[PDB]
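For reference, work_22.json is printed below; it contains JSON, C-alpha atoms.
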[["chain", "number", "residue", "atom", "x", "y", "z"],
["A", 1, "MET", "CA", 31.67, 82.52, 114.22],
["A", 2, "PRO", "CA", 35.25, 81.26, 114.26],
["A", 3, "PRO", "CA", 36.81, 80.71, 110.84],
["A", 4, "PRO", "CA", 37.01, 77.13, 109.54],
["A", 5, "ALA", "CA", 40.31, 75.38, 110.24],
["A", 6, "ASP", "CA", 40.15, 72.69, 107.54],
["A", 7, "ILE", "CA", 42.91, 74.49, 105.57],
["A", 8, "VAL", "CA", 46.43, 74.71, 107.02],
["A", 9, "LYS", "CA", 49.88, 75.46, 105.63],
["A", 10, "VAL", "CA", 52.78, 73.04, 106.09],
["A", 11, "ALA", "CA", 56.01, 72.71, 104.12],
["A", 12, "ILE", "CA", 57.65, 69.29, 103.96],
["A", 13, "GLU", "CA", 61.39, 69.73, 103.45],
["A", 14, "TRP", "CA", 63.99, 67.35, 102.04],
["A", 15, "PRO", "CA", 67.65, 66.88, 102.99],
["A", 16, "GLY", "CA", 69.53, 69.20, 100.63],
["A", 17, "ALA", "CA", 66.42, 70.18, 98.64],
["A", 18, "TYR", "CA", 63.99, 73.11, 98.73],
["A", 19, "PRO", "CA", 60.49, 72.79, 100.20],
["A", 20, "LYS", "CA", 57.14, 71.95, 98.63],
["A", 21, "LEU", "CA", 53.80, 72.75, 100.24],
["A", 22, "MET", "CA", 50.63, 70.70, 100.72],
["A", 23, "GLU", "CA", 47.42, 70.78, 102.75],
["A", 24, "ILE", "CA", 47.30, 67.92, 105.27],
["A", 25, "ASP", "CA", 44.28, 67.04, 107.42],
["A", 26, "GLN", "CA", 45.22, 64.94, 110.44],
["A", 27, "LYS", "CA", 41.68, 63.70, 111.19],
["A", 28, "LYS", "CA", 41.76, 61.32, 108.23],
["A", 29, "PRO", "CA", 43.77, 58.08, 108.58],
["A", 30, "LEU", "CA", 47.47, 58.24, 107.76],
["A", 31, "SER", "CA", 46.79, 56.05, 104.72],
["A", 32, "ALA", "CA", 44.77, 58.86, 103.15],
["A", 33, "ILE", "CA", 47.52, 61.37, 103.97],
["A", 34, "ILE", "CA", 50.14, 59.14, 102.33],
["A", 35, "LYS", "CA", 47.92, 58.64, 99.27],
["A", 36, "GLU", "CA", 47.35, 62.38, 98.87],
["A", 37, "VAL", "CA", 51.06, 63.14, 99.33],
["A", 38, "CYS", "CA", 52.01, 60.58, 96.68],
["A", 39, "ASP", "CA", 49.30, 61.84, 94.32],
["A", 40, "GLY", "CA", 50.47, 65.44, 94.71],
["A", 41, "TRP", "CA", 54.16, 64.65, 94.27],
["A", 42, "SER", "CA", 53.54, 61.90, 91.65],
["A", 43, "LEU", "CA", 55.53, 59.38, 93.70],
["A", 44, "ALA", "CA", 55.05, 55.62, 93.40],
["A", 45, "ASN", "CA", 55.47, 53.00, 96.15],
["A", 46, "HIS", "CA", 53.45, 54.79, 98.81],
["A", 47, "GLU", "CA", 54.51, 52.16, 101.37],
["A", 48, "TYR", "CA", 58.18, 53.24, 101.25],
["A", 49, "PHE", "CA", 57.71, 56.72, 102.77],
["A", 50, "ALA", "CA", 56.47, 57.98, 106.13],
["A", 51, "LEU", "CA", 56.20, 61.14, 108.23],
["A", 52, "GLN", "CA", 58.52, 62.36, 110.98],
["A", 53, "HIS", "CA", 59.07, 65.62, 112.83],
["A", 54, "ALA", "CA", 62.13, 67.73, 112.00],
["A", 55, "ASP", "CA", 61.92, 69.70, 115.26],
["A", 56, "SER", "CA", 64.13, 69.03, 118.28],
["B", 1, "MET", "CA", 59.94, 72.88, 82.41],
["B", 2, "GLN", "CA", 63.02, 72.17, 84.54],
["B", 3, "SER", "CA", 62.11, 72.92, 88.15],
["B", 4, "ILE", "CA", 64.83, 74.63, 90.19],
["B", 5, "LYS", "CA", 65.42, 75.71, 93.78],
["B", 6, "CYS", "CA", 65.09, 79.37, 94.78],
["B", 7, "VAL", "CA", 66.06, 81.68, 97.65],
["B", 8, "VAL", "CA", 64.79, 85.23, 98.28],
["B", 9, "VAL", "CA", 66.86, 87.63, 100.40],
["B", 10, "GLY", "CA", 66.96, 91.34, 101.13],
["B", 11, "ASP", "CA", 67.95, 94.15, 103.44],
["B", 12, "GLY", "CA", 66.61, 95.08, 106.85],
["B", 13, "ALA", "CA", 63.32, 96.97, 107.29],
["B", 14, "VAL", "CA", 62.25, 96.72, 103.65],
["B", 15, "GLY", "CA", 58.88, 94.91, 103.73],
["B", 16, "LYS", "CA", 59.24, 91.14, 103.30],
["B", 17, "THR", "CA", 56.15, 90.36, 105.40],
["B", 18, "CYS", "CA", 53.80, 92.41, 103.23],
["B", 19, "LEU", "CA", 55.37, 90.80, 100.15],
["B", 20, "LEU", "CA", 54.62, 87.30, 101.46],
["B", 21, "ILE", "CA", 51.08, 88.26, 102.52],
["B", 22, "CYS", "CA", 50.40, 89.72, 99.07],
["B", 23, "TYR", "CA", 51.88, 86.63, 97.39],
["B", 24, "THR", "CA", 49.71, 84.22, 99.38],
["B", 25, "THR", "CA", 46.46, 86.22, 99.48],
["B", 26, "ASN", "CA", 46.59, 89.02, 96.83],
["B", 27, "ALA", "CA", 46.37, 91.94, 99.26],
["B", 28, "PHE", "CA", 48.54, 94.79, 100.56],
["B", 29, "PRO", "CA", 48.39, 95.39, 104.33],
["B", 30, "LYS", "CA", 50.37, 98.34, 105.68],
["B", 31, "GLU", "CA", 50.44, 96.74, 109.15],
["B", 32, "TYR", "CA", 53.78, 95.31, 110.29],
["B", 33, "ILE", "CA", 53.60, 91.69, 111.50],
["B", 34, "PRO", "CA", 56.66, 89.67, 112.61],
["B", 35, "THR", "CA", 57.54, 86.61, 110.53],
["B", 36, "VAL", "CA", 60.35, 84.10, 111.03],
["B", 37, "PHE", "CA", 60.57, 82.25, 107.71],
["B", 38, "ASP", "CA", 58.36, 80.97, 104.90],
["B", 39, "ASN", "CA", 58.43, 78.96, 101.69],
["B", 40, "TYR", "CA", 56.00, 79.32, 98.79],
["B", 41, "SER", "CA", 55.98, 76.85, 95.89],
["B", 42, "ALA", "CA", 53.70, 78.12, 93.10],
["B", 43, "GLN", "CA", 53.20, 76.65, 89.62],
["B", 44, "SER", "CA", 53.33, 79.44, 87.03],
["B", 45, "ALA", "CA", 54.31, 78.90, 83.39],
["B", 46, "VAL", "CA", 56.15, 81.53, 81.32],
["B", 47, "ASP", "CA", 57.24, 81.24, 77.67],
["B", 48, "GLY", "CA", 55.86, 77.70, 77.50],
["B", 49, "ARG", "CA", 58.07, 76.47, 80.37],
["B", 50, "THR", "CA", 56.51, 75.22, 83.62],
["B", 51, "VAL", "CA", 58.79, 76.46, 86.41],
["B", 52, "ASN", "CA", 57.90, 76.40, 90.11],
["B", 53, "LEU", "CA", 59.05, 79.37, 92.20],
["B", 54, "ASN", "CA", 60.32, 77.80, 95.43],
["B", 55, "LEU", "CA", 60.04, 81.01, 97.44],
["B", 56, "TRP", "CA", 61.97, 81.32, 100.69],
["B", 57, "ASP", "CA", 61.94, 83.87, 103.52],
["B", 58, "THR", "CA", 65.22, 85.02, 105.06],
["B", 59, "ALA", "CA", 65.63, 87.01, 108.27],
["B", 60, "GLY", "CA", 68.39, 89.50, 109.06],
["B", 61, "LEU", "CA", 68.63, 88.55, 112.73],
["B", 62, "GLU", "CA", 72.05, 87.65, 114.10],
["B", 63, "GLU", "CA", 70.81, 84.51, 115.89],
["B", 64, "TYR", "CA", 69.85, 82.42, 112.84],
["B", 65, "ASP", "CA", 72.98, 83.07, 110.76],
["B", 66, "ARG", "CA", 73.81, 79.35, 110.77],
["B", 67, "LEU", "CA", 70.35, 78.51, 109.42],
["B", 68, "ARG", "CA", 70.40, 81.31, 106.84],
["B", 69, "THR", "CA", 73.89, 80.76, 105.42],
["B", 70, "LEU", "CA", 73.43, 76.97, 105.32],
["B", 71, "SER", "CA", 71.33, 77.00, 102.13],
["B", 72, "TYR", "CA", 73.23, 79.83, 100.40],
["B", 73, "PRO", "CA", 75.69, 77.36, 98.80],
["B", 74, "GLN", "CA", 74.38, 75.56, 95.70],
["B", 75, "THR", "CA", 71.53, 78.06, 95.37],
["B", 76, "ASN", "CA", 70.57, 78.75, 91.76],
["B", 77, "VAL", "CA", 68.82, 82.16, 91.73],
["B", 78, "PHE", "CA", 68.17, 85.14, 94.01],
["B", 79, "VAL", "CA", 65.29, 87.60, 94.28],
["B", 80, "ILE", "CA", 66.49, 90.61, 96.29],
["B", 81, "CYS", "CA", 64.60, 93.76, 97.31],
["B", 82, "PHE", "CA", 66.46, 96.76, 98.70],
["B", 83, "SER", "CA", 66.02, 100.44, 99.47],
["B", 84, "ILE", "CA", 67.08, 102.23, 96.29],
["B", 85, "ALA", "CA", 68.72, 105.33, 97.77],
["B", 86, "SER", "CA", 70.26, 104.25, 101.10],
["B", 87, "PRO", "CA", 74.07, 104.72, 101.07],
["B", 88, "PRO", "CA", 74.44, 102.36, 104.06],
["B", 89, "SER", "CA", 72.50, 99.75, 102.08],
["B", 90, "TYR", "CA", 74.88, 100.02, 99.12],
["B", 91, "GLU", "CA", 77.85, 99.96, 101.51],
["B", 92, "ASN", "CA", 76.61, 96.74, 103.12],
["B", 93, "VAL", "CA", 75.88, 95.28, 99.67],
["B", 94, "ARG", "CA", 79.44, 95.94, 98.48],
["B", 95, "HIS", "CA", 80.92, 94.66, 101.74],
["B", 96, "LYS", "CA", 78.86, 91.46, 102.01],
["B", 97, "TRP", "CA", 76.72, 90.33, 99.08],
["B", 98, "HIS", "CA", 78.51, 90.91, 95.77],
["B", 99, "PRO", "CA", 82.00, 89.55, 96.70],
["B", 100, "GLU", "CA", 80.57, 86.32, 98.14],
["B", 101, "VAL", "CA", 78.23, 85.54, 95.24],
["B", 102, "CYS", "CA", 81.05, 86.37, 92.82],
["B", 103, "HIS", "CA", 83.69, 84.23, 94.56],
["B", 104, "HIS", "CA", 81.50, 81.22, 95.37],
["B", 105, "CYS", "CA", 79.51, 80.76, 92.15],
["B", 106, "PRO", "CA", 80.78, 82.61, 89.04],
["B", 107, "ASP", "CA", 77.68, 81.36, 87.17],
["B", 108, "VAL", "CA", 74.74, 82.07, 89.50],
["B", 109, "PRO", "CA", 72.04, 84.21, 87.82],
["B", 110, "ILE", "CA", 70.99, 87.10, 90.05],
["B", 111, "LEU", "CA", 67.74, 89.10, 89.86],
["B", 112, "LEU", "CA", 67.83, 92.47, 91.61],
["B", 113, "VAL", "CA", 65.00, 94.94, 92.29],
["B", 114, "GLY", "CA", 65.15, 98.17, 94.30],
["B", 115, "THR", "CA", 62.53, 99.42, 96.76],
["B", 116, "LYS", "CA", 61.70, 102.54, 98.80],
["B", 117, "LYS", "CA", 61.15, 104.92, 95.89],
["B", 118, "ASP", "CA", 57.43, 105.78, 96.19],
["B", 119, "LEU", "CA", 58.14, 107.61, 99.46],
["B", 120, "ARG", "CA", 58.36, 110.87, 97.49],
["B", 121, "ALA", "CA", 54.57, 110.87, 97.89],
["B", 122, "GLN", "CA", 55.15, 110.91, 101.66],
["B", 123, "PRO", "CA", 56.91, 114.15, 102.73],
["B", 124, "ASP", "CA", 57.64, 112.71, 106.19],
["B", 125, "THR", "CA", 60.62, 110.63, 105.05],
["B", 126, "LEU", "CA", 61.87, 113.48, 102.85],
["B", 127, "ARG", "CA", 61.96, 115.78, 105.89],
["B", 128, "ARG", "CA", 63.51, 112.98, 107.97],
["B", 129, "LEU", "CA", 66.41, 112.55, 105.55],
["B", 130, "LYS", "CA", 66.75, 116.29, 104.90],
["B", 131, "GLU", "CA", 67.57, 117.14, 108.52],
["B", 132, "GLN", "CA", 70.46, 114.63, 108.49],
["B", 133, "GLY", "CA", 72.13, 116.26, 105.47],
["B", 134, "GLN", "CA", 71.82, 113.29, 103.10],
["B", 135, "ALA", "CA", 71.85, 113.66, 99.32],
["B", 136, "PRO", "CA", 70.13, 111.24, 96.92],
["B", 137, "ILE", "CA", 72.30, 108.74, 95.08],
["B", 138, "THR", "CA", 73.32, 110.02, 91.67],
["B", 139, "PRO", "CA", 71.73, 108.06, 88.79],
["B", 140, "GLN", "CA", 75.11, 107.59, 87.11],
["B", 141, "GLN", "CA", 76.54, 105.82, 90.17],
["B", 142, "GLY", "CA", 73.38, 103.72, 90.42],
["B", 143, "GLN", "CA", 73.69, 102.59, 86.81],
["B", 144, "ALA", "CA", 77.40, 101.90, 87.35],
["B", 145, "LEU", "CA", 76.52, 99.73, 90.36],
["B", 146, "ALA", "CA", 73.87, 97.94, 88.30],
["B", 147, "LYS", "CA", 76.32, 97.22, 85.46],
["B", 148, "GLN", "CA", 79.29, 96.33, 87.71],
["B", 149, "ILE", "CA", 77.64, 93.43, 89.58],
["B", 150, "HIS", "CA", 77.80, 91.02, 86.58],
["B", 151, "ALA", "CA", 74.13, 91.54, 85.67],
["B", 152, "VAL", "CA", 72.85, 91.34, 82.10],
["B", 153, "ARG", "CA", 70.03, 93.86, 82.66],
["B", 154, "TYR", "CA", 68.87, 95.42, 85.92],
["B", 155, "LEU", "CA", 65.17, 96.19, 86.33],
["B", 156, "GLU", "CA", 62.85, 97.40, 89.10],
["B", 157, "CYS", "CA", 59.24, 96.66, 89.99],
["B", 158, "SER", "CA", 56.69, 98.28, 92.30],
["B", 159, "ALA", "CA", 55.13, 96.45, 95.24],
["B", 160, "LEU", "CA", 52.78, 99.18, 96.48],
["B", 161, "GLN", "CA", 51.51, 100.00, 92.98],
["B", 162, "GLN", "CA", 52.18, 96.44, 91.70],
["B", 163, "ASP", "CA", 53.99, 97.56, 88.55],
["B", 164, "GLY", "CA", 56.47, 95.49, 86.56],
["B", 165, "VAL", "CA", 56.58, 92.49, 88.91],
["B", 166, "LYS", "CA", 55.41, 89.98, 86.31],
["B", 167, "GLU", "CA", 57.59, 91.73, 83.72],
["B", 168, "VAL", "CA", 60.57, 91.54, 86.10],
["B", 169, "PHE", "CA", 60.06, 87.81, 86.66],
["B", 170, "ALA", "CA", 59.66, 87.24, 82.91],
["B", 171, "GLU", "CA", 62.85, 89.15, 82.08],
["B", 172, "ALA", "CA", 64.72, 87.26, 84.81],
["B", 173, "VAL", "CA", 63.54, 83.97, 83.29],
["B", 174, "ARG", "CA", 64.61, 85.16, 79.83],
["B", 175, "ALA", "CA", 68.03, 86.18, 81.17],
["B", 176, "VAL", "CA", 68.47, 82.78, 82.82],
["B", 177, "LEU", "CA", 67.49, 81.11, 79.53],
["B", 178, "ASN", "CA", 70.19, 83.02, 77.59],
["B", 179, "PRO", "CA", 72.77, 84.23, 80.14],
["B", 180, "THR", "CA", 76.29, 85.50, 79.59],
["B", 181, "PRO", "CA", 78.79, 82.95, 78.10]]
Could you write out this file's structure as structure tokens?
Amino acid sequence: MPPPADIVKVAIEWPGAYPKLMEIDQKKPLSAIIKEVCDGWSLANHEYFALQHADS
Amino acid sequence: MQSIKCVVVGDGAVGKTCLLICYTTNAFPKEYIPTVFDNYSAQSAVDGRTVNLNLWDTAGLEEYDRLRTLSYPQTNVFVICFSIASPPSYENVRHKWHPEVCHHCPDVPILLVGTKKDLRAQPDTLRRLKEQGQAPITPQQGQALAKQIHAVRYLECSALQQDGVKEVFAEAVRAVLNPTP
């Protein structure tokens, strides 16, 4: 019985600021992810932010 | 209530991985597991003030010096864990840590806690350090080092026995609230 994978750890950094953590599930539409991010960080105007990879 | 950034640093071979595992899961594994870096942001309130500890993992490897020293400027507080009675550790501290934090930011609160003191219960390390002709650091010199690094009050907490950690964080918060002029 493999452990459930519905919970993951991911830190979303900021330029010049220190990270904050949230649980993100990629199966749900990106609209739900944006709504949950804004709800967690208490940020308005959910249409003015998006997600990008800070790797190479 | 004012949320602030935070960085945690330390010496080599001191036990950061077990600290992070305990912080995230409330355990204490003696197994050594490699870890590159981490950040924990937890919401704990002390003295009626809601402050989030933006934890950060730092690695002593030579390769990632650019990454590690990038965020050292404009950092507001440090949590440092070190072997209490290692003369090389104090030598490296004097050569590297204290002069830089003193010259860069004259007003950066610093929280310091020593480690590697419960090993008296393990005779193996005592015999290891006896054969090399090493003497324990005198308490007077330790207190002088504690008082000479521009620290209001130095305190220590246990990770294996989990003693004083909450008290250490509370006293660090109190010191930051009313620091030196």
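The interatomic distance for the pair atom CA of residue 53 of chain A and atom CA of residue 54 of chain B works out to 21.3 Å.
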Exercise for the section: Considering all atoms listed in the file, return as a list in words whatever protein or nucleic-acid residues lie within 12 Å of residue 38 of chain A, sequence-local ones (same chain, fewer than 5 positions apart) excluded. Expected result: residues 22, 31, 32, 33, 43, 44, 45, 46, 47, 48, 49 and 50 of chain A
Contact check, chain A to chain B, at most 10 Å, counting only C-alpha atoms, closest pairs as a tab-separated table:
residue	atom	partner	partner_atom	distance
A:9	CA	B:40	CA	10.0
A:10	CA	B:39	CA	9.3
A:11	CA	B:39	CA	7.1
A:12	CA	B:39	CA	10.0
A:13	CA	B:39	CA	9.9
A:16	CA	B:71	CA	8.1
A:17	CA	B:5	CA	7.4
A:18	CA	B:5	CA	5.8
A:19	CA	B:39	CA	6.7
A:20	CA	B:41	CA	5.7
A:21	CA	B:41	CA	6.4
A:22	CA	B:41	CA	9.5
Based on the selection just made, write C-alpha atoms of those residues as a compact mmCIF listing (two decimals), keeping the file's coordinate frame.
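For reference, part28.txt as written:
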# COMPACT_ATOMS: atom_id res chain seq x y z
CA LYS A 9 49.88 75.46 105.63
CA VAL A 10 52.78 73.04 106.09
CA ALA A 11 56.01 72.71 104.12
CA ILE A 12 57.65 69.29 103.96
CA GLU A 13 61.39 69.73 103.45
CA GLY A 16 69.53 69.20 100.63
CA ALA A 17 66.42 70.18 98.64
CA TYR A 18 63.99 73.11 98.73
CA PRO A 19 60.49 72.79 100.20
CA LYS A 20 57.14 71.95 98.63
CA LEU A 21 53.80 72.75 100.24
CA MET A 22 50.63 70.70 100.72
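With atom CA of residue 3 of chain B on one side and atom CA of residue 48 of chain B on the other, the separation reads 13.2 Å.
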Completion exercise
Restricting to only C-alpha atoms, whichever of B:146, B:111, B:59, B:160 is closest to residue 10 of chain B is B:59
Handout entry: residue 156 of chain B environment, 8 Å, all atoms listed in the file, sequence neighbours closer than 2 positions dropped, as a VMD selection string
Key = chain B and resid 112 to 115 154 158 164 to 165 168
Problem - For residue 19 of chain B, the nearest of the candidates B:172, B:123, B:60, B:32, counting all atoms listed in the file - result: B:32
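You will find atom CA of residue 175 of chain B at 27.3 Å from atom CA of residue 17 of chain B.
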Handout entry: Among the residues B:33, B:53, B:85, B:45, the one that comes closest to residue 134 of chain B [using only C-alpha atoms]
Key = B:85
Where atoms are lacking, segment 8-27 of chain A completed to N, CA, C and O atoms, as a tab-separated table (two decimals), in the coordinates of the input:
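See selection-v2.tsv below for the written result:
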chain	number	residue	atom	x	y	z
A	8	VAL	N	45.22	74.34	106.29
A	8	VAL	CA	46.43	74.71	107.02
A	8	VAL	C	47.60	74.70	106.04
A	8	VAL	O	47.53	74.11	104.96
A	9	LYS	N	48.68	75.37	106.43
A	9	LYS	CA	49.88	75.46	105.63
A	9	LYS	C	51.01	74.70	106.31
A	9	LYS	O	51.26	74.90	107.50
A	10	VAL	N	51.66	73.82	105.56
A	10	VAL	CA	52.78	73.04	106.09
A	10	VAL	C	53.70	72.70	104.93
A	10	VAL	O	53.27	72.16	103.91
A	11	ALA	N	54.98	73.02	105.09
A	11	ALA	CA	56.01	72.71	104.12
A	11	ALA	C	56.77	71.48	104.57
A	11	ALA	O	57.22	71.42	105.73
A	12	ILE	N	56.92	70.51	103.68
A	12	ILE	CA	57.65	69.29	103.96
A	12	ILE	C	58.99	69.38	103.24
A	12	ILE	O	59.05	69.32	102.01
A	13	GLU	N	60.06	69.54	104.01
A	13	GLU	CA	61.39	69.73	103.45
A	13	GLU	C	61.97	68.40	102.99
A	13	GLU	O	61.38	67.33	103.15
A	14	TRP	N	63.15	68.49	102.39
A	14	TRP	CA	63.99	67.35	102.04
A	14	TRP	C	65.42	67.66	102.42
A	14	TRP	O	65.82	68.83	102.47
A	15	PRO	N	66.23	66.64	102.70
A	15	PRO	CA	67.65	66.88	102.99
A	15	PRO	C	68.39	67.36	101.75
A	15	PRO	O	68.58	66.60	100.80
A	16	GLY	N	68.81	68.63	101.75
A	16	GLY	CA	69.53	69.20	100.63
A	16	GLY	C	68.66	69.73	99.51
A	16	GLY	O	69.20	70.17	98.49
A	17	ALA	N	67.34	69.72	99.67
A	17	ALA	CA	66.42	70.18	98.64
A	17	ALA	C	65.47	71.22	99.23
A	17	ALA	O	65.33	71.34	100.45
A	18	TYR	N	64.82	71.99	98.33
A	18	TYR	CA	63.99	73.11	98.73
A	18	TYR	C	62.52	72.69	98.87
A	18	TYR	O	62.07	71.76	98.19
A	19	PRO	N	61.76	73.36	99.73
A	19	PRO	CA	60.49	72.79	100.20
A	19	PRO	C	59.38	72.84	99.16
A	19	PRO	O	59.39	73.62	98.20
A	20	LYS	N	58.39	71.98	99.38
A	20	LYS	CA	57.14	71.95	98.63
A	20	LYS	C	55.99	71.87	99.63
A	20	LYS	O	56.10	71.21	100.67
A	21	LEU	N	54.90	72.55	99.31
A	21	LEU	CA	53.80	72.75	100.24
A	21	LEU	C	52.64	71.82	99.90
A	21	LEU	O	52.45	71.46	98.73
A	22	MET	N	51.87	71.43	100.92
A	22	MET	CA	50.63	70.70	100.72
A	22	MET	C	49.71	70.94	101.90
A	22	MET	O	50.16	71.34	102.98
A	23	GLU	N	48.42	70.71	101.69
A	23	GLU	CA	47.42	70.78	102.75
A	23	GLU	C	47.20	69.37	103.30
A	23	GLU	O	46.84	68.46	102.55
A	24	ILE	N	47.40	69.22	104.60
A	24	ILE	CA	47.30	67.92	105.27
A	24	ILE	C	46.26	68.04	106.38
A	24	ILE	O	46.34	68.94	107.23
A	25	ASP	N	45.29	67.13	106.38
A	25	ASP	CA	44.28	67.04	107.42
A	25	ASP	C	44.56	65.81	108.27
A	25	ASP	O	44.56	64.69	107.76
A	26	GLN	N	44.80	66.03	109.57
A	26	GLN	CA	45.22	64.94	110.44
A	26	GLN	C	44.07	64.06	110.90
A	26	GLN	O	44.31	62.95	111.41
A	27	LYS	N	42.82	64.51	110.75
A	27	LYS	CA	41.68	63.70	111.19
A	27	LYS	C	41.56	62.42	110.37
A	27	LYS	O	41.23	61.36	110.92
